[PDB]
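Engineer: Structure in structure tokens, see below.
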Amino acid sequence: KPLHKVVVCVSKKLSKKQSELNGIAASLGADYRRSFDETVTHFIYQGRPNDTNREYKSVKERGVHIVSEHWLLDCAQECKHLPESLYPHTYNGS
């Protein structure tokens, strides 16, 4: 369980795939919340440079890790806790 200290929350933006992303997180030992709260450590979000998305801005200011969906996908592929900084919300794929 590489993600044992993680609590993910899938952004509203990624609602279409929330169960998939939560399941990947749980497979790696993480917990998840269905909406954002003070227990979340990692917010899964896809956005753009200088993003004005409301939920993104809110989470950003709380200092929580904001990562691309590809952070979960690649952590699962590698069975490893990959660094968050390689997977900003502006990362769209390899």
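Chain labels A, B, ... are given in the sequence in which chains occur in the structure tokens; within each chain residues are numbered consecutively from 1, and ligands are likewise numbered from 1 in the order shown.
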Near stretch 55-64 of chain A, within 9 Å and counting only C-alpha atoms, which residues show up once chain neighbours fewer than 6 positions away are dropped, as a PDB file with C-alpha atoms, in the first residue's frame?
Structural biologist:
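Result file follows (selection25.pdb):
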```pdb
ATOM      1  CA  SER A  11     -12.968  17.009  -8.368  1.00  0.00           C
ATOM      2  CA  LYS A  12     -16.440  17.738  -9.605  1.00  0.00           C
ATOM      3  CA  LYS A  13     -14.780  18.260 -12.971  1.00  0.00           C
ATOM      4  CA  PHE A  36     -13.989  17.995  -0.443  1.00  0.00           C
ATOM      5  CA  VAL A  40      -8.424  15.369   1.984  1.00  0.00           C
ATOM      6  CA  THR A  41      -4.733  15.286   1.179  1.00  0.00           C
ATOM      7  CA  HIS A  42      -4.871  14.971  -2.653  1.00  0.00           C
ATOM      8  CA  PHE A  43      -7.454  16.636  -4.928  1.00  0.00           C
ATOM      9  CA  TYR A  45      -8.245  17.700 -10.983  1.00  0.00           C
ATOM     10  CA  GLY A  47      -7.306  22.131 -15.601  1.00  0.00           C
TER      11      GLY A  47
END
```
Engineer: What are the DSSP alpha helix (DSSP H) residues of chain A, as JSON, numbers by chain?
Structural biologist: {"A": [18, 19, 20, 21, 22, 23, 24, 25, 26, 27, 54, 55, 56, 57, 58, 59, 60, 61, 69, 70, 71, 72, 73, 74, 75, 76, 77, 78]}
Engineer: Quick one: residues within 10 Å of stretch 68-73 of chain A, only C-alpha atoms, excluding same-chain residues fewer than 5 positions away - as a PDB file with C-alpha atoms, in the first residue's frame?
Structural biologist:
```pdb
ATOM      1  CA  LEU A   3      -0.705   5.497  -0.911  1.00  0.00           C
ATOM      2  CA  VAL A   8      -8.119  11.543  -2.270  1.00  0.00           C
ATOM      3  CA  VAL A  10     -12.030  13.537  -7.119  1.00  0.00           C
ATOM      4  CA  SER A  11     -12.968  17.009  -8.368  1.00  0.00           C
ATOM      5  CA  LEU A  14     -13.914  14.534 -13.074  1.00  0.00           C
ATOM      6  CA  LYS A  17     -14.927   8.832 -13.593  1.00  0.00           C
ATOM      7  CA  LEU A  21     -10.386   7.050  -9.708  1.00  0.00           C
ATOM      8  CA  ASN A  22     -11.515   6.305  -6.112  1.00  0.00           C
ATOM      9  CA  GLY A  23     -11.042   2.586  -6.853  1.00  0.00           C
ATOM     10  CA  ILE A  24      -7.515   3.114  -8.141  1.00  0.00           C
ATOM     11  CA  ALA A  25      -6.701   5.146  -5.000  1.00  0.00           C
ATOM     12  CA  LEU A  28      -3.046   1.533  -3.536  1.00  0.00           C
ATOM     13  CA  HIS A  42      -4.871  14.971  -2.653  1.00  0.00           C
ATOM     14  CA  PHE A  43      -7.454  16.636  -4.928  1.00  0.00           C
ATOM     15  CA  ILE A  44      -7.680  14.995  -8.360  1.00  0.00           C
ATOM     16  CA  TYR A  45      -8.245  17.700 -10.983  1.00  0.00           C
ATOM     17  CA  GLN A  46      -7.584  18.491 -14.607  1.00  0.00           C
ATOM     18  CA  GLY A  47      -7.306  22.131 -15.601  1.00  0.00           C
ATOM     19  CA  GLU A  78       4.171   1.407 -11.302  1.00  0.00           C
ATOM     20  CA  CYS A  79       2.758   0.260  -7.944  1.00  0.00           C
ATOM     21  CA  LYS A  80       4.641   3.162  -6.413  1.00  0.00           C
ATOM     22  CA  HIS A  81       4.014   6.524  -4.727  1.00  0.00           C
ATOM     23  CA  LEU A  82       5.150   8.806  -7.532  1.00  0.00           C
ATOM     24  CA  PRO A  83       5.993  12.463  -6.728  1.00  0.00           C
ATOM     25  CA  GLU A  84       3.029  14.834  -6.825  1.00  0.00           C
ATOM     26  CA  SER A  85       5.051  17.572  -8.514  1.00  0.00           C
ATOM     27  CA  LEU A  86       5.360  15.536 -11.715  1.00  0.00           C
ATOM     28  CA  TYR A  87       1.581  15.561 -12.059  1.00  0.00           C
ATOM     29  CA  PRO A  88       0.204  19.099 -11.782  1.00  0.00           C
ATOM     30  CA  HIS A  89      -3.419  19.615 -12.865  1.00  0.00           C
ATOM     31  CA  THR A  90      -2.073  20.981 -16.211  1.00  0.00           C
ATOM     32  CA  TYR A  91      -0.542  17.552 -17.012  1.00  0.00           C
ATOM     33  CA  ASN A  92      -2.778  15.963 -19.696  1.00  0.00           C
ATOM     34  CA  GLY A  93      -0.835  12.869 -20.514  1.00  0.00           C
ATOM     35  CA  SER A  94       2.561  11.772 -21.517  1.00  0.00           C
TER      36      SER A  94
END
```
Engineer: So that I can check the secondary structure, give me every residue of chain A assigned strand (DSSP E) by backbone DSSP, as a list in words.
Structural biologist: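 The strand (DSSP E) subset of chain A is residues 7, 8, 9, 10, 31, 32, 33, 42, 43, 44, 65, 66 and 67 of chain A.
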Engineer: Create the file for the chosen residues now, containing C-alpha atoms and written as a JSON list (two decimals), in the first residue's frame.
Structural biologist:
```json
[["chain", "number", "residue", "atom", "x", "y", "z"],
["A", 7, "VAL", "CA", -7.01, 10.69, 1.26],
["A", 8, "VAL", "CA", -8.12, 11.54, -2.27],
["A", 9, "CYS", "CA", -11.08, 13.60, -3.46],
["A", 10, "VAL", "CA", -12.03, 13.54, -7.12],
["A", 31, "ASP", "CA", -8.87, 6.50, 1.47],
["A", 32, "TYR", "CA", -11.24, 8.81, -0.35],
["A", 33, "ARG", "CA", -13.94, 11.40, 0.24],
["A", 42, "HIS", "CA", -4.87, 14.97, -2.65],
["A", 43, "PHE", "CA", -7.45, 16.64, -4.93],
["A", 44, "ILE", "CA", -7.68, 14.99, -8.36],
["A", 65, "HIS", "CA", -1.91, 18.66, -3.19],
["A", 66, "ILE", "CA", -3.63, 19.10, -6.55],
["A", 67, "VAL", "CA", -2.75, 16.36, -9.02]]
```
Engineer: Calculate how many Å separate atom CA of residue A:35 from atom CA of residue A:5, rounding to one decimal.
Structural biologist: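 These atoms are spaced 18.0 Å apart.
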Engineer: One number please: atom CA of residue A:49 to atom CA of residue A:18, in Å, one decimal.
Structural biologist: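 Taking atom CA of residue A:49 as the start and atom CA of residue A:18 as the end point, the length is 23.1 Å.
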